Each structure stands twice: as C-alpha cells, then as structure tokens.
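The chain below stands alone and is given as structure tokens, in the form solved without its partner chain.
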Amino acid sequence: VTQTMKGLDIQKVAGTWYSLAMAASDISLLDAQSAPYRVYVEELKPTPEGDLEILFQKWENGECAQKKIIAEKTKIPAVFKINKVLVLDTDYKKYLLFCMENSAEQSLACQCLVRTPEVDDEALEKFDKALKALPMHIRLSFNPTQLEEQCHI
C-alpha cells in the first residue's frame, strides 16, 4: 500500500464510525461472519500520547463480541502497529479509508468508514480508486439497515 494521508491529525478521527465497505487480498479474509478481517469499527479513541484505541465488533463463537485494541503510533503519523494499520485518506467529517497489512504474500484488508449509517457514493468512489492499486479478491458493502445492527446482520 503506497497511499497515506499527508498531514493526518489523529485527534480529529475521534468518535463514531461505520464500516460501510471492506476489501481484502484473499477471499478467506472476509468471506464468513467469522473471517479474521471481518471487523466492524464502532468508535476510535486516540490517546493523548497519540496512540489509537479502537472499539470494534467481531463474530467469534456464533456471537457478536465487542472487542477493544490499541494501535501504537510510529514515526509516520498515518501508520500504527498492532501487523500495521495505515490511514489512506480522511476528511474527518464524513469518511476515513484505512488498510491493515501483515508480513508474509502479505494479507491486506481495507475499509471505507463513514460517520453516519448512509451509503456515501462519493466516499465509495475514493475507496474504489484507492483499491485499484491493490490486489483485492473480495469486496463487501453494507446497507443502512445492516449498519445499525451488531456485526451488520
């Protein structure tokens, strides 16, 4: 992935997000409710020291679990460590595009986050333009009804 947000202000991504669309390099990363990168973002809580705490949902044992993780800051403002989290682009008000990647061929998953339970075509376009550069083999998108549901059921 060689798109990062120039001049990311991590404090300003704080609060409510909706995982509107997801994509991944391998179908097995997103295909089942329990697929490893099938993670539904709920809220981003950046620390004063500039780390990013993430609240998300995960279908684990036939159940929508609430989960909590801290992404540790790096020397690059748009890159955090868990396995790396890269912030591609955000207007802070509406949408945020991010990817997660490991080290191996690498696993890669990217989401289009939006602030509201609405299909934002403009954001989905930017998400698709960003993905053109990337070797994705599965893409998912969610309707407004599903965005208001635990684990988007």
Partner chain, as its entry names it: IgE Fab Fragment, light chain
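Residue numbers count along the first chain shown, from 1.
In this entry, residue 82 is separated from residue 83 by 4 to 9 residues of the deposited sequence that have no coordinates.
Counting the deposited residues that fall between residue 104 and residue 105 and carry no coordinates gives a value of 1 to 3. Taking the mean C-alpha B-factor of each stretch as recorded, 60-68 and 28-36 are not equal, and the higher mean is that of 60-68. In this entry, the higher average B-factor at the C-alpha atoms falls on 47-55, of the pair 122-130 and 47-55. The entry lists a Cα temperature factor for residue 147 that places it in the lowest third of the chain's modelled residues.
Keep in mind that the form deposited with its partner chain bound is not shown, yet the notes after this line are about it.
Proximity of residue 126 to its partner chain in the entry with it bound falls outside the 4.5 Å heavy atom cutoff.
The closest non-hydrogen atom of residue 49 lies beyond 4.5 Å of its partner chain in the entry with it bound. In the entry with it bound, at least one heavy atom of residue 63 sits within 4.5 Å of its partner chain. Contact check for residue 57: a non-hydrogen atom falls within 4.5 Å of its partner chain in the entry with it bound. Heavy atoms closer than or equal to 4.5 Å to its partner chain in the entry with it bound belong, across 124-153, to one residue only: 150.
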